[PDB]
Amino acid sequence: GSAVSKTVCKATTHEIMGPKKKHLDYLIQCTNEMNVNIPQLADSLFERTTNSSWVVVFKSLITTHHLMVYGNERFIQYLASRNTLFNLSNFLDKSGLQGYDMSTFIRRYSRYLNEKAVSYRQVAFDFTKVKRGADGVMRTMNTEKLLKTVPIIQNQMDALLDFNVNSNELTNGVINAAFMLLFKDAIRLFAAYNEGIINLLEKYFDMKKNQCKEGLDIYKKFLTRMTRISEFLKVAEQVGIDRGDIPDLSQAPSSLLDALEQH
């Protein structure tokens, strides 16, 4: 409570680096305790995002992201249940050049985090977290739900890619901490998008005419997203990310000749 609220402040000091691991780990433990009040933990993070300083605001967003990824699922479930989340579409810290230039990333990052919560609200699970493979949800989900879902992944993916950062803009520890988490979400979200597309291709011949039609449009839009993804992983390569962590895209884009199976 006070211990929770004090820890949120320590994670979000004015210092120019990401939130410290020691504060994060305590926050993560907080989300795992049946007695902690999640809403109050959340409200403290929202309050920090009314600060005028870019450093404070960006650290509060990063903290929220890290709790969505590593915290108990009850945290994201609450965030997904509110009606309003971050409203930082007009944020601008004019106190210095660093401020002006970081303000833009703040806007774009906060939009991604909003879209991450809305996606959870819409499908009741986290795309980044569920079983992968052949025994997984995204591989074994009926044709109707699939057609419904893949479009939600696509949307979360676009918001993620709109961060649109270049290597030469990654110049302090705050934005770099955000980028490292964005990287982790991007690779998992891609895996789930790919699996979904694999299921589709599998069932696209045995399906109704108008379905086939919607299908077509998803594979269609997946291929343009593949290219944007490649541009993103190339930023990652430029920055120095271990090439073993960067996934290989040499997978599933040759068959656009079902644009005729609608005979």
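Each form is matched to the other, and the largest set of C-alpha atoms that superpose within 1.5 Å is called the rigid core. A residue's number is simply how far along the shown sequence it sits, counting from 1.
Relative to the displayed structure, the C-alphas of 219-227 lie farther away on average in 6 other deposited structures of this protein than those of the other candidate, with 38-46 and 219-227 compared after rigid core superposition. Mean CA B-factor, 158-166 versus 145-153: the higher value falls on 145-153. According to the PDB record, 214-222 carries the higher mean C-alpha B-factor of the two stretches 214-222 and 40-48. Highest C-alpha temperature factor among 202, 33, 231, 237, as the PDB entry reports it: 202. Per the deposited record, 83 carries the highest C-alpha B-factor of all listed residues (110, 104, 176, 83).
In the PDB entry, residue 253 places in the highest third of its chain by CA B-factor. Residue-level temperature factors show residue 185 in the lowest third of its chain, judged at the C-alpha atom. For residue 71, the recorded CA temperature factor ranks within the lowest third of the chain's modelled residues. Per the PDB record, residue ranking by Cα B-factor puts residue 172 in the lowest third of the chain. Residue 114: CA B factor lies in the lowest third for its chain, per the PDB record.
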